[PDB]
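Here the structure is laid out as structure tokens; the discussion comes afterwards.
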Amino acid sequence: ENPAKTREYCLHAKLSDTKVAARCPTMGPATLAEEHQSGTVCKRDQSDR
Amino acid sequence: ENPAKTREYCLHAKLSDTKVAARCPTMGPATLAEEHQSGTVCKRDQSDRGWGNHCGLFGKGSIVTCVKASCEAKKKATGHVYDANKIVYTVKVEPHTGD
Amino acid sequence: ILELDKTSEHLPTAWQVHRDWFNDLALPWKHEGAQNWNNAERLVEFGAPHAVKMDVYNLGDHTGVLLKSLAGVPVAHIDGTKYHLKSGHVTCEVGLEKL
Amino acid sequence: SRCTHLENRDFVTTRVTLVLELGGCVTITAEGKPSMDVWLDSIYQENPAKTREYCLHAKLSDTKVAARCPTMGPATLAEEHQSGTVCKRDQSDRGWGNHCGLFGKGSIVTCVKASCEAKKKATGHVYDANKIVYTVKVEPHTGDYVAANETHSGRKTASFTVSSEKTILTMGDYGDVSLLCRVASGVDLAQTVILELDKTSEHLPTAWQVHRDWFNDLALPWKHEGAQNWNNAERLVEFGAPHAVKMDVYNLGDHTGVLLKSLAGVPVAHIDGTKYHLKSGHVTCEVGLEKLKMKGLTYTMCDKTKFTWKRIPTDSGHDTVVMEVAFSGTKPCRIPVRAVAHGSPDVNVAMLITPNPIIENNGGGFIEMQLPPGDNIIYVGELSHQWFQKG
Amino acid sequence: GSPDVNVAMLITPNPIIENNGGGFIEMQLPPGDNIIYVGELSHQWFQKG
Amino acid sequence: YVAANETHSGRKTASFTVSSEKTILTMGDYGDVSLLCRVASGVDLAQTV
Amino acid sequence: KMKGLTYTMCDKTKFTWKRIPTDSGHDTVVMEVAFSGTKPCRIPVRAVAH
Ligand SMILES: *[C@@H]1O[C@H](CO)[C@@H](O)[C@H](O)[C@H]1NC(C)=O
Ligand SMILES: *[C@@H]1O[C@H](CO)[C@@H](O)[C@H](O)[C@H]1NC(C)=O
């Protein structure tokens, strides 16, 4: 009767509120407040400017 | 004049808001909202638990601790970098007179 | 140009330091206008877990660690906004033919 | 049982010799005597004797410079004699335009009054084998369970020192136990300094158990207790290269982090006001069970039908099973506890670490036992529980 | 010598006072100088050898 | 400086009998000092009249 | 405990010999100075080998 739940997995993500920030070739790292929040995925990358 | 600030370093941390959460050996990971806030340091580890450790089972329980960590006032080492398009060399000349 | 507290009465205003070595300083760091320190872990130790404790320890002021690694290093003067090298050189041609 | 609270434990079978350690516990057992949990609770001293103070951050003030032209002999200051000054004597390239009459190496001297900055001291203390106290604790291994943050009302304490003597503790109803701990067989205290910093630092250890020679070997400015000036104050001051009639004095900054970085692989030590505690150390101690008594051997067995589990049989993580039962009456009772293998169909194999388990009004429900490997059934009257034992 | 170790090897073991009794004590001691104590009573003792 | 016929204020006196242990003398502003003189290892009284 | 480690140095100009440096008969030198200020002080004593 009612065995204990271990890990849940997610099969299909729901994505909302995309944001972008960028900087010029010597202004160091671009940043967003959403890098320091729960429930966000972020990527940091380099772009030819 | 005013060469570009590069990376600042912090020489002395100001540590605050040490928060702990822990769980019994079956219940998986302990958690804090700190772990996701800005300006925190955290560690996750395993702590021995048992009966009387106010816990059901003898084993290792997940523990997480997080400390809020700003820089101490005026304890910064700032770097600056020169620009070949704004640097000035100064050359001086004097006539080798009898003065 | 490495710069600490400009108001330090018993230190150089700055030091002329190598770019790779500066990027190898083992401390928490951030860029100009960034709000919070990268690698804040570097100034915090966690004491081995005890039941529902893990011990947050501030690893102290690293200023003297830096100054030992800056012993004998070339100074740089800072005349307000002007950041001056105190070692280095330039190549010139001097025209004597109209003296 | 306090010895269930620790993952370091041992078991021993009328007098017995033990080694008792900080961060260790022994469940003593004997035929027809109640078992006892015994540990070294603390090693400490009230206000141990100071050794050397060190300064971690110098304070420099009243800088003075004097210089002399290339042949007028050595420059001098009265401050080169005075106590609590750091000085450097050097040569300066002088000439005309520095307003000498001549070109060559002048003499320059610079001196500064060099104290130590407020609370920036590392202080050593050392233990005395004739004033150090070893606290040993004992509790009767009754059928009562208390948390780590609870206290067996039967928990009893003995303090050992070179002047202390073979001590008898009355274990309440469980008779009495005789204890003789040889403090001279314990820690080699001469090899240790209790290194201390600012005690008030919220995010640091109160002290460190450093080696004796290492504390004498530190390259810092230093003094013995109550002296008003610092030996070797050069160790926090650099002097610049001289320029004409000037030389710069550089304060080498706070060495607190330099020391803390070097305190790697070093055991912490605890300070409780005036009490300075070690957190590693041990004593050879001799225990006697001759006057211990089992409670309630005259009681009836409790009614086998009237038990319930309060804590189902659970592995302690030692080789022992632990459990707690609740009985519906309030009767003083023996508990009918047994265990039988899935093998020999009726032979009892419950090797109790809690011998002669008994219930009393508001006590006695807890039991600890060792078992043989493979499947068993544990029984506590009409309570039963199958048990696979590891092997 | 040893500044606090008790060396009073009592021939009268567990000495006790009672109303109108118990004041007498006999002991063996190690050779050389000692101090005997009976509370705040003290007495230096050179033992023969 | 006081002459041999003159008393120094901080002169402090301890009278070692056989009934005597480590004795504390308060040296005014100079703190405390303590003495234990071992009277049975002084003069050989049995040989002396 | 040392008395007076905390006191200021006395004014170097205000000393006079009351008993000039004298050989004690032991290996030591003894002397006594009179100081004309009223102050509690440390004495700025030193000696220099040629
Ligand atoms: C012991 O600690 C536990 C921690 O969960 C707490 O629930 C319990 O009330 C404590 N007992 C007492 C009275 O200190
Ligand atoms: C000691 O003798 C001297 C003379 O030699 C005398 O002047 C002095 O009063 C005597 N007593 C004291 C207390 O100095």
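In the structure tokens, chains take letters A, B, ... by order of appearance, with residues numbered from 1 within each chain and ligands from 1 in the order shown.
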
request  = Throw together the list of residues within 10 Å of ligand 2, counting only C-alpha atoms and all ligand atoms, and drop it here as an MDAnalysis selection string.
outcome  = chainID F and resid 2:8

Dump of C-alpha atoms for the selected residues, as a CSV table (one decimal), in the first residue's frame:
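Once written, again.csv looks like this:
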chain,number,residue,atom,x,y,z
F,2,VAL,CA,68.8,51.4,51.4
F,3,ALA,CA,72.0,51.0,53.6
F,4,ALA,CA,72.6,47.7,55.5
F,5,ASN,CA,71.2,49.4,58.6
F,6,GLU,CA,68.1,50.5,56.6
F,7,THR,CA,65.0,48.5,55.7
F,8,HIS,CA,63.8,48.1,52.1

key: Shell around residue A:37 at 9 Å using only C-alpha atoms, local window under 5 positions removed, as a ChimeraX atom specification   = /B:36-38

message = Taking only C-alpha atoms into account and nothing else, which residues of chain A lie no more than 9 Å away from chain C? Please answer as number ranges by chain.
response = A: 27-29, 31

message = At a cut-off of 9 Å, using only C-alpha atoms, what residues contact stretch 77-81 of chain C? Leave out same-chain residues fewer than 2 positions from it and give the result as a ChimeraX atom specification.
response = /B:1-3 /C:6,12-15,75,83-86

Expected answer as a PDB file with N, CA and C atoms, in the first residue's frame: residues within 9 Å of ligand 1, only C-alpha atoms and all ligand atoms:
ATOM      1  N   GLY B  52      17.801   9.089  18.101  1.00  0.00           N
ATOM      2  CA  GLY B  52      18.338  10.100  19.018  1.00  0.00           C
ATOM      3  C   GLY B  52      19.046  11.305  18.383  1.00  0.00           C
ATOM      4  N   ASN B  53      19.553  11.118  17.158  1.00  0.00           N
ATOM      5  CA  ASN B  53      19.840  12.240  16.222  1.00  0.00           C
ATOM      6  C   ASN B  53      18.501  12.714  15.662  1.00  0.00           C
ATOM      7  N   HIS B  54      17.436  12.477  16.430  1.00  0.00           N
ATOM      8  CA  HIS B  54      16.042  12.793  16.016  1.00  0.00           C
ATOM      9  C   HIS B  54      15.871  12.419  14.541  1.00  0.00           C
ATOM     10  N   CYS B  55      15.959  11.112  14.302  1.00  0.00           N
ATOM     11  CA  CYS B  55      15.952  10.495  12.983  1.00  0.00           C
ATOM     12  C   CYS B  55      15.627   8.997  13.019  1.00  0.00           C
TER      13      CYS B  55
ATOM     14  N   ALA D 147      17.772  10.850  23.573  1.00  0.00           N
ATOM     15  CA  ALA D 147      18.470  11.408  22.394  1.00  0.00           C
ATOM     16  C   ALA D 147      19.878  11.854  22.792  1.00  0.00           C
ATOM     17  N   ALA D 148      20.710  12.179  21.798  1.00  0.00           N
ATOM     18  CA  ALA D 148      22.013  12.840  22.054  1.00  0.00           C
ATOM     19  C   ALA D 148      21.778  14.142  22.817  1.00  0.00           C
ATOM     20  N   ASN D 149      20.689  14.847  22.500  1.00  0.00           N
ATOM     21  CA  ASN D 149      20.357  16.096  23.238  1.00  0.00           C
ATOM     22  C   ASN D 149      19.388  15.783  24.381  1.00  0.00           C
ATOM     23  N   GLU D 150      19.512  14.592  24.972  1.00  0.00           N
ATOM     24  CA  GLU D 150      18.834  14.278  26.255  1.00  0.00           C
ATOM     25  C   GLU D 150      19.837  13.585  27.190  1.00  0.00           C
TER      26      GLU D 150
END

note = From atom CA of residue C:22 to atom CA of residue D:256 the spacing works out at 22.1 Å

Separation of atom CA of residue B:84 from atom CA of residue B:9, in Å and rounded to one decimal =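 Between atom CA of residue B:84 and atom CA of residue B:9 the gap is 24.6 Å.
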
message = DSSP on the backbone, strand (DSSP E) only: what residues of chain F does that give? Format it as a PyMOL selection string.
response = chain F and resi 23-26+32-35

key: Distance filter 10 Å, only C-alpha atoms, chain D against chain G, as a list in words   = residues 81, 82, 83, 225, 226, 227, 228 and 229 of chain D

message = Could you tell me which residues of chain B sit within 9 Å of chain A when counting only C-alpha atoms, and give me the result as a ChimeraX atom specification?
response = /B:6-7,27-28,33,35-39

task = Just the residues within 8 Å of residue D:212, please, counting only C-alpha atoms, with nothing from its chain fewer than 3 positions along; format it as a list in words.
result =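 The residues that qualify are residues 190, 191, 192, 193, 215 and 216 of chain D.
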
request  = Define the interface residues of chain B facing chain D as those within 8 Å, counting only C-alpha atoms, and report them as JSON, numbers by chain.
outcome  = {"B": [15, 48, 50, 51, 52, 53, 54, 57, 58, 59]}

Now that the selection is made, can you save its residues with N, CA and C atoms as a PDB file, in the first residue's frame?
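Below you can see result17.pdb, which holds the result:
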ATOM      1  N   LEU B  15      31.068  37.290   5.831  1.00  0.00           N
ATOM      2  CA  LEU B  15      30.260  36.047   5.786  1.00  0.00           C
ATOM      3  C   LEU B  15      29.044  36.226   6.701  1.00  0.00           C
ATOM      4  N   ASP B  48      26.500  11.617   9.523  1.00  0.00           N
ATOM      5  CA  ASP B  48      25.963  10.430  10.210  1.00  0.00           C
ATOM      6  C   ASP B  48      24.703  10.765  11.022  1.00  0.00           C
ATOM      7  N   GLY B  50      21.045   8.724  13.079  1.00  0.00           N
ATOM      8  CA  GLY B  50      20.538   7.555  13.770  1.00  0.00           C
ATOM      9  C   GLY B  50      19.415   7.933  14.709  1.00  0.00           C
ATOM     10  N   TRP B  51      18.899   6.955  15.438  1.00  0.00           N
ATOM     11  CA  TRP B  51      17.942   7.235  16.506  1.00  0.00           C
ATOM     12  C   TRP B  51      18.588   8.193  17.519  1.00  0.00           C
ATOM     13  N   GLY B  52      17.801   9.089  18.101  1.00  0.00           N
ATOM     14  CA  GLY B  52      18.338  10.100  19.018  1.00  0.00           C
ATOM     15  C   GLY B  52      19.046  11.305  18.383  1.00  0.00           C
ATOM     16  N   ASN B  53      19.553  11.118  17.158  1.00  0.00           N
ATOM     17  CA  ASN B  53      19.840  12.240  16.222  1.00  0.00           C
ATOM     18  C   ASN B  53      18.501  12.714  15.662  1.00  0.00           C
ATOM     19  N   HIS B  54      17.436  12.477  16.430  1.00  0.00           N
ATOM     20  CA  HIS B  54      16.042  12.793  16.016  1.00  0.00           C
ATOM     21  C   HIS B  54      15.871  12.419  14.541  1.00  0.00           C
ATOM     22  N   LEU B  57      16.431   6.201  11.185  1.00  0.00           N
ATOM     23  CA  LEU B  57      17.303   5.125  10.703  1.00  0.00           C
ATOM     24  C   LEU B  57      18.785   5.469  10.882  1.00  0.00           C
ATOM     25  N   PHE B  58      19.621   4.477  11.156  1.00  0.00           N
ATOM     26  CA  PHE B  58      21.071   4.639  11.250  1.00  0.00           C
ATOM     27  C   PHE B  58      21.721   4.599   9.869  1.00  0.00           C
ATOM     28  N   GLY B  59      22.375   5.681   9.463  1.00  0.00           N
ATOM     29  CA  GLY B  59      23.037   5.809   8.163  1.00  0.00           C
ATOM     30  C   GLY B  59      23.635   7.197   7.964  1.00  0.00           C
TER      31      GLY B  59
END

message = Contacts from chain F to chain G, 7 Å maximum, only C-alpha atoms: show me the residue list as a PyMOL selection string.
response = chain F and resi 29-31

Selection from above, N, CA and C atoms, as a short mmCIF file (atom, residue, chain, number, x, y, z; two decimals), in the first residue's frame, can you write it?
data_model
loop_
_atom_site.label_atom_id
_atom_site.label_comp_id
_atom_site.auth_asym_id
_atom_site.auth_seq_id
_atom_site.Cartn_x
_atom_site.Cartn_y
_atom_site.Cartn_z
N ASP F 29 53.54 45.87 44.20
CA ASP F 29 53.28 46.05 42.77
C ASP F 29 53.98 45.02 41.86
N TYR F 30 54.99 44.31 42.36
CA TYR F 30 55.78 43.34 41.60
C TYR F 30 55.12 41.95 41.49
N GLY F 31 53.85 41.80 41.88
CA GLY F 31 53.12 40.54 41.84
C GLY F 31 53.28 39.69 43.10
#
